[PDB]
Amino acid sequence: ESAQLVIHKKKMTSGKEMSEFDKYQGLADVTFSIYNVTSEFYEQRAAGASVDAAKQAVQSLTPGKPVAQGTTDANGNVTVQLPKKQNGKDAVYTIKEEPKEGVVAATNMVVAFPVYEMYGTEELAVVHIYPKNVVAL
Ligand code: NA
Ligand code: NA
């Protein structure tokens, strides 16, 4: 009933691990805070938003206390576990990078369960993400 979310923080110059990103240095000691936006997603949906629009909307929301937080290790990685469901519904989370001196923070990202490899037929129990700031890139 929980999935692992593996967050890879890269200094940038599918849902599965992507070897392409190994060209970039991993950044240690970066904290990510993960917020439950499940209710907010379903509200957007009930108001007629598409799945994509609903995700885009809740991307800017960080309601309440983070359900999880993790700080990257020496290689730039951290795993957190997240419930696949919240209040009986397929869960949606907003992932926020905490500000850190000398680091360009990623834009907030949304992860909506279940996750399929981008879509394949097998649900992922391990989801890999690579938060980035495209405007900065
Ligand atoms: Na998804
Ligand atoms: Na990044």
Side-chain angles (χ1 to χ4, degrees), residues 1-15 17-24 26-55 57-64 66-117 120-121 123-133 135-137:
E1 67 176 334
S2 274
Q4 292 177 74
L5 180 67
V6 185
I7 310 174
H8 306 268
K9 180 58 183 185
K10 299 306 194 183
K11 177 179 201 180
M12 300 195 191
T13 62
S14 77
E17 188 161 16
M18 290 180 66
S19 54
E20 301 94 309
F21 288 105
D22 200 52
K23 75 182 92 164
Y24 305 115
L27 299 175
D29 292 308
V30 178
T31 301
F32 292 83
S33 301
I34 300 84
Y35 295 86
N36 181 17
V37 294
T38 301
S39 293
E40 293 73 10
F41 174 86
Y42 289 103
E43 287 171 358
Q44 290 283 346
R45 295 282 296 135
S50 75
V51 172
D52 184 68
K55 290 169 42 174
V58 301
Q59 192 175 299
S60 60
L61 302 184
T62 56
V67 298
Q69 206 168 44
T71 297
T72 60
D73 66 20
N75 297 325
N77 307 312
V78 61
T79 302
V80 298
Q81 278 180 304
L82 299 173
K84 289 185 183 178
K85 296 219 192 310
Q86 290 285 347
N87 291 349
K89 302 184 153 178
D90 291 332
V92 185
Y93 299 98
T94 287
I95 296 79
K96 174 173 160 196
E97 183 175 336
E98 300 297 338
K100 185 180 174 70
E101 289 167 51
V103 173
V104 178
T107 299
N108 293 356
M109 302 198 42
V110 172
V111 178
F113 289 99
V115 184
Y116 302 94
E117 183 189 352
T121 42
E123 158 174 13
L124 304 183
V126 186
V127 178
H128 291 262
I129 64 169
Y130 297 83
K132 67 194 155 135
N133 194 318
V135 167
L137 268 147

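FYI, side chains are in, hydrogens and waters are out, and symmetry mates aren't considered; it's all heavy atoms of this structure. Counting from 1, the numbers follow the sequence of the chain as shown.
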Between [atom1] of [X] and [atom2] of [Y], what distance do you get to the nearest 0.5 Å?
X    : Y    : atom1 : atom2 : value
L61  : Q44  : CG    : CD    : 7.5 Å
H8   : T79  : NE2   : OG1   : 7.5 Å
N133 : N108 : CG    : CG    : 10.5 Å
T71  : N77  : OG1   : CG    : 12.5 Å
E40  : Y35  : CD    : OH    : 12.5 Å

Are [X] and [Y] packed together at the side-chain level, in the sense that at least one heavy-atom pair is separated by less than 4.5 angstrom?
X    : Y    : value
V127 : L82  : no
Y93  : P83  : yes
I34  : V111 : no
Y42  : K89  : yes
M12  : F21  : yes
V30  : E98  : no
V103 : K9   : yes

Closest contact, heavy atoms only, [X] versus [Y]:
X    : Y    : answer
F41  : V58  : N-CG1, 3.7 Å
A53  : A49  : CB-CB, 4.3 Å
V92  : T38  : N-OG1, 2.9 Å
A136 : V104 : CB-CG1, 3.5 Å
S2   : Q81  : CB-NE2, 4.3 Å
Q86  : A91  : CG-CB, 3.8 Å

Do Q69 and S33 have a side chain donor and acceptor closer than 3.5 Å?
yes
From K132, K10, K11, residue fulfilling side-chain contact (heavy atoms from CB on, under 4.5 Å) relative to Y24
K10
Could you pull out all residues at least two apart from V78 that satisfy side chain to side chain contact (heavy atoms under 4.5 Å, CB included)?
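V78 satisfies side chain to side chain contact (heavy atoms under 4.5 Å, CB included) with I7, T72 once adjacent residues are dropped.
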Applying salt bridge (charged side-chain N to carboxylate O under 4.0 Å, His left out), which residue pairs with at least one partner in residues 75-85 are found, sequence neighbours left out?
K84-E123, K85-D90
If you apply the rule side-chain contact (heavy atoms from CB on, under 4.5 Å), what do you find for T107 with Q59, and how did you get there?
CA-CA 9 Å; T107 299; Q59 192 175 299; 3.5 Å; yes
